[PDB]
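Participant: Here you go, one structure.
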Amino acid sequence: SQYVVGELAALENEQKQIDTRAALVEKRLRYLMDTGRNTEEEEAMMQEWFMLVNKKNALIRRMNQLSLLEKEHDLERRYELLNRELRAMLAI
Amino acid sequence: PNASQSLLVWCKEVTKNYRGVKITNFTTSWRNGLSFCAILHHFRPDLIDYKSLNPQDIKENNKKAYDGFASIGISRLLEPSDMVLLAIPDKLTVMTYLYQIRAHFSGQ
């Protein structure tokens with residue numbers, strides 16, 4: 001529980017910064033691609049676009065790994081949760 | 001070579017000698033679905049029968065590739081209907097999509 005949410009919270013925050021910068025790189029890179037106004041800023045934005053894509057991909061992979069672990073915990077909570085039902089059934 | 005050039009070179013290496021594929025750009029070269037399907041076939045030939053594909057079946061070729069890629073973890077950035085009525089495919093979407101396919105197979 002403890003390790004997971006700490007890490008998910010941090011990643012989810014970093015994902016918010018990525019998506020925020022990327023919306024702006026996109027707006028801009030699209031404007032340059034459509035107008036042809038500056039093939040050099042264009043290429044530099046493309047690079048940045050792709051760096052941002054790389055970051056997001058690495059976060060998504062880290063998130064999914066953590067989510068697996070969180071599912072395995074949850075299942076274990078449910079295992080222990082069933083043990084409680086057995087106990088309470090014996091408290092007569 | 002810059003990021004576009006290197007991506008384009010990768011696309012041509014991977015699809016080399018696939019019948020009906022001719023890559024010269026990130027727009028009209030992708031419309032008919034073959035190029036995408038050839039990329040899929042090259043990595044995962046168990047997921048698609050390339051020899052039976054029909055070059056004129058724009059919707060179906062694109063669908064097979066998008067479904068093949070989605071089935072191994074690559075998010076859909078294109079729908080088959082984005083190719084309909086002779087639309088030129090959006091350059092930045094096609095590039096990002098190919099970028100994600102290459103990144104998937106490079107262990108990202």
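Each chain in the structure tokens gets a letter, A, B and so on, in the order shown; residues start at 1 in every chain, and ligands are counted from 1 in the order they appear.
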Find the residues of chain A in contact range of chain B, meaning any atom within 10 Å when counting only C-alpha atoms, and list them as a PyMOL selection string.
Facilitator: chain A and resi 26+29-30+33-34+43-44+46-47+49-50+53-54+57-58+61
Participant: Contacts of stretch 62-73 of chain B at 9 Å or less, counting only C-alpha atoms, minus same-chain residues fewer than 6 places along, as a ChimeraX atom specification?
Facilitator: /B:31-34,36-41,44,47-48,79-80,83,101,104
Participant: Can you write just those residues out, C-alpha atoms, as a PDB file, in the first residue's frame?
Facilitator:
ATOM      1  CA  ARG B  31      -2.656   5.749 -46.727  1.00  0.00           C
ATOM      2  CA  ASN B  32      -3.350   2.335 -48.144  1.00  0.00           C
ATOM      3  CA  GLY B  33      -2.335   0.390 -45.087  1.00  0.00           C
ATOM      4  CA  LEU B  34       0.361  -1.797 -46.706  1.00  0.00           C
ATOM      5  CA  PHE B  36       1.903  -0.388 -41.746  1.00  0.00           C
ATOM      6  CA  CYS B  37       0.997  -4.028 -42.383  1.00  0.00           C
ATOM      7  CA  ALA B  38       4.508  -4.728 -43.626  1.00  0.00           C
ATOM      8  CA  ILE B  39       5.984  -3.334 -40.391  1.00  0.00           C
ATOM      9  CA  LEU B  40       3.663  -5.612 -38.461  1.00  0.00           C
ATOM     10  CA  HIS B  41       4.488  -8.627 -40.580  1.00  0.00           C
ATOM     11  CA  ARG B  44       5.054 -10.441 -35.851  1.00  0.00           C
ATOM     12  CA  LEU B  47      -0.391 -11.708 -36.492  1.00  0.00           C
ATOM     13  CA  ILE B  48      -1.083 -11.013 -40.192  1.00  0.00           C
ATOM     14  CA  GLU B  79      -8.462   4.952 -37.004  1.00  0.00           C
ATOM     15  CA  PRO B  80      -9.178   3.333 -40.424  1.00  0.00           C
ATOM     16  CA  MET B  83      -7.920   7.300 -44.452  1.00  0.00           C
ATOM     17  CA  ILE B 101       6.062   1.320 -33.025  1.00  0.00           C
ATOM     18  CA  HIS B 104       7.977  -0.587 -28.665  1.00  0.00           C
TER      19      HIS B 104
END
Participant: What does the distance between atom CA of residue B:10 and atom CA of residue B:23 come to in Å, to one decimal place?
Facilitator: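 Those two atoms sit 10.8 Å apart.
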Participant: Looking only at alpha helix (DSSP H) from DSSP on the backbone, list the matching residues of stretch 4-99 of chain B as a ChimeraX atom specification.
Facilitator: /B:4-15,34-43,58-71,91-99
Participant: Quick one: pull the distance between atom CA of residue A:18 and atom CA of residue A:36, Å, one decimal.
Facilitator: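 A separation of 25.9 Å between them.
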Participant: Could you pull the residues within 12 Å of residue B:82, counting only C-alpha atoms, minus those fewer than 4 positions along the same chain, as a PDB file with C-alpha atoms, in the first residue's frame?
Facilitator:
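Output contents, as saved in result-v4.pdb:
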ATOM      1  CA  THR B  27       1.734  11.035 -45.578  1.00  0.00           C
ATOM      2  CA  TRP B  30       0.938   5.260 -45.514  1.00  0.00           C
ATOM      3  CA  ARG B  31      -2.656   5.749 -46.727  1.00  0.00           C
ATOM      4  CA  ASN B  32      -3.350   2.335 -48.144  1.00  0.00           C
ATOM      5  CA  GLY B  33      -2.335   0.390 -45.087  1.00  0.00           C
ATOM      6  CA  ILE B  58      -7.770   0.798 -47.551  1.00  0.00           C
ATOM      7  CA  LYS B  59      -9.995   0.321 -44.491  1.00  0.00           C
ATOM      8  CA  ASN B  62      -5.294  -0.239 -41.862  1.00  0.00           C
ATOM      9  CA  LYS B  63      -7.551  -2.058 -39.419  1.00  0.00           C
ATOM     10  CA  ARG B  76      -4.033   3.564 -31.403  1.00  0.00           C
ATOM     11  CA  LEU B  77      -3.279   7.056 -32.774  1.00  0.00           C
ATOM     12  CA  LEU B  78      -5.014   6.365 -36.119  1.00  0.00           C
ATOM     13  CA  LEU B  86      -8.694  10.087 -50.030  1.00  0.00           C
ATOM     14  CA  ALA B  87      -7.650  12.107 -47.000  1.00  0.00           C
ATOM     15  CA  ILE B  88      -3.886  12.680 -46.804  1.00  0.00           C
ATOM     16  CA  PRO B  89      -2.831  11.201 -43.430  1.00  0.00           C
ATOM     17  CA  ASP B  90      -1.790  13.781 -40.861  1.00  0.00           C
ATOM     18  CA  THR B  93       0.221  11.629 -36.243  1.00  0.00           C
ATOM     19  CA  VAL B  94       1.758   9.163 -38.692  1.00  0.00           C
TER      20      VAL B  94
END
Participant: Tell me, in Å to one decimal, how far atom CA of residue B:21 is from atom CA of residue B:35.
Facilitator: 5.6 Å
